[PDB]
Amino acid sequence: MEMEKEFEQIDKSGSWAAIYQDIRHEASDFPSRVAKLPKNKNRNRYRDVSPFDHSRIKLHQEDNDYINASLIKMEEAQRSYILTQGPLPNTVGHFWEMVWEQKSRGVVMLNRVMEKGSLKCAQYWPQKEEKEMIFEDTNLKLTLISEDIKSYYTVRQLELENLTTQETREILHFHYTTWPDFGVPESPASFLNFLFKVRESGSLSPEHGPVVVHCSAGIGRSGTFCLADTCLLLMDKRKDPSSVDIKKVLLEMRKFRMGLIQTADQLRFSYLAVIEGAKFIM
């Protein structure tokens, strides 16, 4: 079926939970043996969210190459994304090592450091120009260059220096600050405006490594971001945009990382974002 009318048909019939459970039943199951090794327990935020072995990002390190991060490679859309968890106190150095080694231009953050009164990720970037951060375990230095605070999101320019070689790079930090503590946003308008800002920066483009995107677990909000981007791109590329099937795209992405889209409300919100976004493109 088309998307917008499949949408109204699920709303009128109140069957979002049944649609979402079908997706969960059909999703791929692949091994995640490296994630579950005992030496990696303090590298995982949640015991039930793990990268698959076949698509995990490897750190260029001979001691321990593990990070909770996955490469989502979308062949028809010609986009790639790295989806990862919010860094932990003992993985902030690994996170920036991955950014460096994969040649990413942008980092997309979809959570606040504290939500619901608890810490959802480490404070992994500097908050003041004159107070830079040094990660001694991976030999990197990170400096805040500038910061632009808007009503729904903040963009920061950061300098990352590899202290071994003295090479430096400019990394853009796109921080969506207004996703609610419970549920999903009422309108997709600000989320779409945020997506378009990330796109306009060059951070999603083939001349760079894959964008790094995260929330707390790296599957819910993060899944919504890459699912919406990929579906809108396919609607531009194809002769028949109504052929884009959002459930099929989601199942394809779930071949690369488990659990993408965590609730039936997130699934509905993803539909809403693609539907509204397709009207603005034209």
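In case it trips you up, residue 1 is the first one in the sequence shown, and so on.
- A summary of the deposited B-factors shows that, of 220-228 and 62-70, the stretch with the larger mean C-alpha value is 62-70.
- Mean C-alpha B-factor is higher over 240-248 than over the other stretch, the pair under comparison being 240-248 and 211-219.
- When the C-alpha B-factors of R254, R43, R33, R56 are ranked from the entry, the top spot goes to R33.
- For the set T154, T91, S190, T84, the PDB entry puts the maximum C-alpha B factor at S190.
- Among all modelled residues in its chain, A17 ranks in the highest third by Cα B-factor.
- In the deposited entry, the Cα temperature factor of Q127 places it in the middle third of its chain's modelled residues.
- Ranked by C-alpha B-factor against the other modelled residues of its chain, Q102 falls in the lowest third.
- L260 sits in the lowest third of its chain by CA B factor, as recorded in the PDB entry.
- Split the chain's modelled residues into thirds by C-alpha temperature factor. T143 is in the lowest one.
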